[PDB]
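The chain below stands alone, shown as structure tokens; this is the form deposited in one PDB entry.
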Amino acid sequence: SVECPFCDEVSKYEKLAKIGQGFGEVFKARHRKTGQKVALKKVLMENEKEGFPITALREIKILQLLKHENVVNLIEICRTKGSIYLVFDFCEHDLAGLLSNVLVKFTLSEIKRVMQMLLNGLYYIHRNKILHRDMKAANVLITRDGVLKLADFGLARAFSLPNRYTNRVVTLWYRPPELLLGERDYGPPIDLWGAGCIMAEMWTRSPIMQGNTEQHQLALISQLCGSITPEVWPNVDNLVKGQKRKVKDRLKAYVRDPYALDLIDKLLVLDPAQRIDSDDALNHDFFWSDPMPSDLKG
């Protein structure tokens, strides 16, 4: 009964399938007039005693800011005549799905391209003073045309320059050492550790460090990256003792390419301060040697 020029009813879209496999209500839908495929994410009002979720406001704000080829596109926000939906341009695939598919096969050239787009997306978001905080293969989308998009900004937050950000961030398997050690003054290096885990996953076809608890995760990390030492990580003194860095040895099998192994090793660095950034990662010889990065058709 009230005018609403700038918030269309979600009924303009026709639900095709529930795709919310990782906990809320996510649907693939079709624009009833043009056939344009979209993803509808319902904003959950379960146990919301403070009106419109401050958590949803944050994500919407972030999605509205981030406009880039390698970042998921928020088209608009729809109502239902009472719920609210985030509407995104639909991407057919997700890296977790593609990697778990035995029929799917990547060449070295394509893996280079995937990593390039991912790192270019991170350079952009961080440049815009945003932390993704939920890096995982399932949040890396790929269009029909082979364009990678960073998705799910539900845990993302803006950062600046002693910060007290939430530690309870990032899925365990992709969580960096800093966070597991109790860091609240963290920045872009957290997303880059996630990039490292995903990069290695492009060959192993499976998450490299599958812990059951934070302690199990920290132990797994030590068996791979060496042990947490004030020598290795200056001032970490604020676990396993004998462990030596085996990043290149344990992945030596799957990867094969020298450059790929060197970059992964620079991404999975313990000290966040010593961990490679998106800019230097993009400059890495991995992207500038033969076979040169190529377009996606696999």
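Residue indices: 1-based, along the sequence shown. Under this definition, the rigid core comprises the largest set of C-alpha atoms superposing within 1.5 Å between the forms. Residues that one form lacks are left out of the comparison.
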Zero if continuous, otherwise a range: how many residues of the deposited sequence are missing coordinates between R184 and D185 (none, 1 to 3, 4 to 9, 10 or more)? none
In the PDB record, does 113 to 121 or 171 to 179 carry the higher mean Cα temperature factor? 171 to 179
Could you check the entry and say whether 5 to 13 or 286 to 294 has the higher mean CA B-factor? 286 to 294
Based on what the PDB entry reports, which of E50, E69, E59, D249 has the top C-alpha B-factor? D249
Entry record, C-alpha B-factors for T55, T34, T229, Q64; the maximum is at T229
Ranked C-alpha temperature factor of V269 among modelled chain residues, by third: middle
Among the modelled residues of its chain, the C-alpha B-factor of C78 falls in the third labelled lowest
Third of chain Cα B-factors occupied by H132: lowest
What third of its chain, lowest, middle or highest, does the C-alpha temperature factor of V102 fall into? highest
Taking the values exactly as deposited, rank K28 by C-alpha B-factor within its chain and report the matching third: lowest, middle or highest. lowest
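Below, we refer to the form deposited in another entry, which is not included among the displayed structures.
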After superposition on the rigid core, does the Cα atom of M45 shift by at least 2 Å between the shown form and the other one? yes
Which residue stretches between the shown form and the other one come out as moving, taking only runs of at least three where every Cα shifts by 2 Å or more after core superposition? 2 to 5, 20 to 22, 45 to 47, 49 to 53
